[PDB]
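So the structure is just underneath, and the comments pick up after that.
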Amino acid sequence: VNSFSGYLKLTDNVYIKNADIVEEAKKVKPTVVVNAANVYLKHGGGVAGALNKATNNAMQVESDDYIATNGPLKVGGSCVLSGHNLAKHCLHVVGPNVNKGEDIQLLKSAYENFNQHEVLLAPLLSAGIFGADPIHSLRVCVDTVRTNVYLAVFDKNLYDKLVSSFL
Ligand SMILES: CS(=O)(=O)NC(=O)[C@@]1(F)CN(c2ncnc3[nH]c4cc(F)ccc4c23)CC12CCC2
């Protein structure tokens, strides 16, 4: 039993809700919240900009030190950093950005990072400003992640479309 509330169950291990991931994180305080990161951990907009703002920019300060030490992430890769006031940990995961010409096949590699964590609150990778089809992203999530994933979908219209079209 865990504290996630109001989710629709899609499969044995994948759950979905219409929710603001920032507000969901602040309430649940999950062990892991997933950030829709880029390779530079520049949290300017989308989910990343919203998560960072909610930490009062502490996420960005920590991220800049991480990059200065380690260099950029790989597309499809991840790193574990602090969850600040939102979660114990933040798993920064880089899905491919279609608006940058990145290979969509890397979306499966991106979701594989979730399997290193027993339970996660996450957005749909490569959705939103990353330019991928969220329905596809949901399919890859279901077919790749084996650990327990709670997907927060900000847009109500999109959430209803994801549920209604789910095979
Ligand atoms: C409109 S969207 O639904 O298409 N979402 C997108 O475009 C995104 F940019 C933003 N994302 C979020 N996901 C869950 N909670 C969220 N709270 C937020 C609060 C914000 F001020 C901004 C973004 C989010 C957000 C997902 C996304 C796809 C990959 C990044």
Side-chain angles (χ1 to χ4, degrees), residues 3-8 10 14-60 63 73-79 81 83-87 89-114 117 119-142 144-145 148-166:
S3 158
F4 289 104
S5 178
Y7 285 76
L8 176 67
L10 293 177
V14 179
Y15 295 81
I16 195 165
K17 183 184 183 179
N18 175 214
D20 185 333
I21 192 172
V22 170
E23 278 318 297
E24 185 79 357
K26 280 196 287 195
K27 146 180 135 43
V28 174
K29 286 296 238 77
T31 306
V32 180
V33 67
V34 175
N35 182 32
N38 58 53
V39 296
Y40 306 111
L41 303 178
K42 288 174 60 107
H43 310 302
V47 168
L51 289 171
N52 176 60
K53 179 175 174 187
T55 75
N56 183 42
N57 211 51
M59 179 180 282
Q60 190 65 67
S63 293
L73 295 182
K74 301 169 179 180
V75 179
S78 70
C79 68
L81 289 174
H84 301 278
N85 53 314
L86 303 184
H89 301 112
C90 180
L91 180 70
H92 296 272
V93 180
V94 185
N97 191 322
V98 177
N99 305 316
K100 301 173 175 179
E102 296 169 349
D103 166 27
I104 193 62
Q105 301 295 138
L106 290 169
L107 187 54
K108 188 171 182 76
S109 302
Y111 275 117
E112 288 171 342
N113 295 288
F114 289 25
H117 302 277
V119 182
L120 317 86
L121 171 63
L124 284 170
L125 297 180
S126 296
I129 67 175
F130 280 62
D133 177 3
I135 297 180
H136 172 62
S137 181
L138 178 57
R139 188 73 255 167
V140 178
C141 180
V142 161
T144 304
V145 180
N148 293 145
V149 57
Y150 289 83
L151 294 169
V153 177
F154 180 56
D155 187 64
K156 173 57 161 156
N157 188 294
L158 175 59
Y159 169 85
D160 286 344
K161 184 198 191 113
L162 287 164
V163 168
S164 285
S165 61
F166 183 72

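Positions are given from 1, in the same order as the sequence printed here. Heavy-atom basis, side chains included; hydrogens, waters and symmetry copies ignored. Just so you know, ligand 1 is whichever comes first in the structure, and atom 1 is the first atom listed for that ligand.
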> Who's the nearest protein heavy-atom neighbour of atom 22 (C) of ligand 1, and how far?
Replying inline: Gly46 O, 3.3 Å
> Numbering the atoms of ligand 1 from 1, which are under 4.0 Å from a heavy atom of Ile21?
Replying inline: 14 (C), 15 (N), 16 (C), 17 (N)
> Taking only heavy atoms of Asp155, which atoms of ligand 1 are found under 4.0 Å from at least one of them?
Replying inline: 3 (O)
>> Are there over 12 heavy-atom neighbours, none belonging to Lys17, within less than 6.0 Å of that residue's NZ?
In response: yes
>> Tell me if the NZ atom of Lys27 is crowded by more than 12 foreign heavy atoms within 6.0 Å.
In response: yes
> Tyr15 vs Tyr150 aromatic rings, parallel, tilted or perpendicular, using cut-offs 30° and 60°?
Replying inline: parallel
> Which ligand 1 atoms, with their elements, are less than 4.0 angstrom from a heavy-atom of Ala127?
Replying inline: 27 (C), 28 (C), 29 (C), 30 (C)
> Among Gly128, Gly49, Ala19, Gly45, which one has a heavy atom closest to atom 8 (C) of ligand 1?
Replying inline: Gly128
> Any idea which atoms of ligand 1 are less than 4.0 Å away from a heavy-atom of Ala50?
Replying inline: 18 (C), 19 (C), 20 (C), 21 (F), 22 (C)
> Numbering the atoms of ligand 1 from 1, which are under 4.0 Å from a heavy atom of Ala152?
Replying inline: 14 (C)
> What part of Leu125 sits under 4.0 Å from ligand 1 if we count only heavy atoms: the side chain, the backbone, both or neither?
Replying inline: neither
>> Which residues pass the salt bridge (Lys or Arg N to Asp or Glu O under 4.0 Å) test with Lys26, not counting sequence neighbours?
In response: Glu23
